[PDB]
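Residue-level structural notes
The primary structure of each chain is shown beneath.
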Amino acid sequence: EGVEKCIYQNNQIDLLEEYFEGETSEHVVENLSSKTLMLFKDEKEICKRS
Amino acid sequence: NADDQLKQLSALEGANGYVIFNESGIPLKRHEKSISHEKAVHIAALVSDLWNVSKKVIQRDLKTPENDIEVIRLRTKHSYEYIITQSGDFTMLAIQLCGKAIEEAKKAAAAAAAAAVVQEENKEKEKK
């Protein structure tokens, strides 16, 4: 009877469950981005050269 | 009369097995699903060491006079639960599972039944 009483209290709610455990954010908006890595330019050329 | 309590313990949802221990440590009655006697001999030794250590520790280690542990519940990985209740000179261990565990057990039972049915069908085919 005492063992049965303990069984009923635990049965009502799991109490250890973690909502959305493990699964990550999944889709997450990403902004497209551009990063200049370096600039190459001629030095002291007459006028300018395209 | 005594037999009905074992049937009643099985009837309660989330209950896997029940083990009863004497003061000496002999296991009076254990569930059929769980191993009988070999598991009971191994479970009785562990619970007595735990129950005796906890009962002794509460009285002296916590420095509280006339304080006695009534129920010990150990929650482990998966669905295992092992409530321990001591009545008179007899202490018993009850193993119950969570809802998910119970569902898994039911699914396993269904699978076993399906396998048995398939075997029966195969036997019938062989007979034919």
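This deposited entry lists cryo-EM as its structure determination method and 4.5 Å as its resolution.

1. Notes on the overall build of chain B
Assigned secondary structure in chain B consists of three helices and five strands. When the helices and strands of chain B are read in sequence order from the N terminus, they spell out α-β-β-α-β-β-β-α. Against the globule reference of 14 Å for 128 residues, chain B gives a C-alpha radius of gyration of 20 Å, more extended than a compact globule. Reported as C-alpha extents along the three principal axes, the dimensions of chain B are approximately 75 × 30 × 25 Å. Among the 128 residues that make up chain B, the fraction classed as buried is 28%. When contacts within chain B are restricted to residue pairs at least 6 apart in sequence, long-range pairs at least 24 apart make up 32% of them. Averaged over its 19 positive side-chain charges, chain B has a centre that lies 4 Å from the centre of its 19 negative ones.

2. Observations concerning the pattern of salt bridges
Using the criterion set out here, one finds three salt bridges over all chains in the structure. The salt bridge involving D42 of chain A is made with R49 of chain A; its shortest N-O contact spans 2.6 Å. Look at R49 of chain A and you get exposed, because its relative accessible area is 61%. The partner of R73 of chain B in a salt bridge is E81 of chain B, with the nearest N and O atoms 3.4 Å apart. Residue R73 of chain B is classed as partly exposed on the basis of its relative accessible area of 39%.

3. Quick look at a negative patch on the surface
A grouping of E18, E21, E23 and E26 of chain A is seen on the molecular surface, where their side chains present a negatively charged patch. With respect to the helices, strands and loops of the structure, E21 of chain A is situated in the segment after α1 (2–12).

4. Here we look at the nonpolar core
Counting residues in each nonpolar core, the largest one holds eleven residues, listed as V19, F21, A40, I43, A44, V47, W51, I69, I72, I84 and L93 of chain B. Counting only elements with at least two residues in this core, the list comes to β1 (15–21) and α2 (38–60) of chain B. By residue number, the principal contributor to this core is α2 of chain B, which donates five residues. In contact with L93 of chain B, other than residues within four places in its own chain, are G17, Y18, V19, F21, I43, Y82, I83 and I84 of chain B. Counting nine residues, the second largest nonpolar core, distinct from the first, contains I7 of chain A together with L6, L12 and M92 of chain B.

5. Digging into the state of the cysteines
Taken as a whole and assessed by the stated rule, the structure comprises zero disulfides over all chains. Left unpaired, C6 of chain A is separated from the closest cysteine sulfur, that of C98 of chain B, by 15 Å. Taking the relative accessible area as the measure of exposure, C6 of chain A reaches 7% and is therefore buried.

6. Structural notes on the layout of surface pockets
Of the voids in this model, the largest pocket is the one considered here, and its volume is about 590 Å³. Residue lining of the largest pocket: 22 residues in total, with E1 and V3 of chain A together with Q5, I20 and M92 of chain B positioned closest to the centre. Only α1 of chain A together with α1 (2–11), β1, β2 (27–30), β4 (82–87) and β5 (90–96) of chain B provide two or more residues apiece to the lining of the largest pocket. The biggest single contributor to the lining of the largest pocket is α1 of chain B, with five residues. Its residues assigned to classes, the lining of the largest pocket shows eleven nonpolar, seven polar and four charged. Estimated volume of the second largest pocket: approximately 350 Å³. For the second largest pocket, the lining is made up of 13 residues, of which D14 and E17 of chain A together with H78, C98 and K100 of chain B are closest to its centre. Among the residues forming the lining of the second largest pocket, the class breakdown is three nonpolar, three polar and seven charged.

Definitions and cut-offs
Residues numbered from 1 in each chain as written, not as in the entry; some residues may be left out. Chains lettered and ligands numbered in written order. Part of a larger assembly, values for the part shown. Heavy atoms only, no water. Helix = DSSP H or I, 4+ residues; strand = E, 2+ residues; numbered from the N terminus. Rg over C-alpha atoms; globule rule 2.2 N^0.38 Å. Buried < 20%, exposed > 50% of the residue type's maximum accessible area, 1.4 Å probe, protein only. Contact = heavy atoms within 4.5 Å. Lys, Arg positive; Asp, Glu negative; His and termini not counted. Charge placed at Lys NZ, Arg CZ, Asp CG, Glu CD. Salt bridge = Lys/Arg side-chain N within 4 Å of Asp/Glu carboxyl O. Patch = residues over 30% accessible without salt bridge, like charges linked within 9 Å, V, L, I, M, F, W, Y side chains within 5 Å. Areas by Shrake-Rupley, 256 points an atom, 1.4 Å probe, with all protein chains shown as cover. Core = buried A, V, L, I, M, F, W, Y, C linked by side-chain atoms within 4.5 Å. Disulfide = S-S within 2.5 Å. 1 Å grid on protein atoms, 1.4 Å probe; cavity = no way out; pocket = protein on both sides within 12 Å on 5 of 7 lines; lining within 4 Å. Points joined across faces, edges and corners; volume = space filled by probe spheres on them. Nonpolar A, V, L, I, M, F, W, Y, C, P; charged D, E, K, R; others polar.

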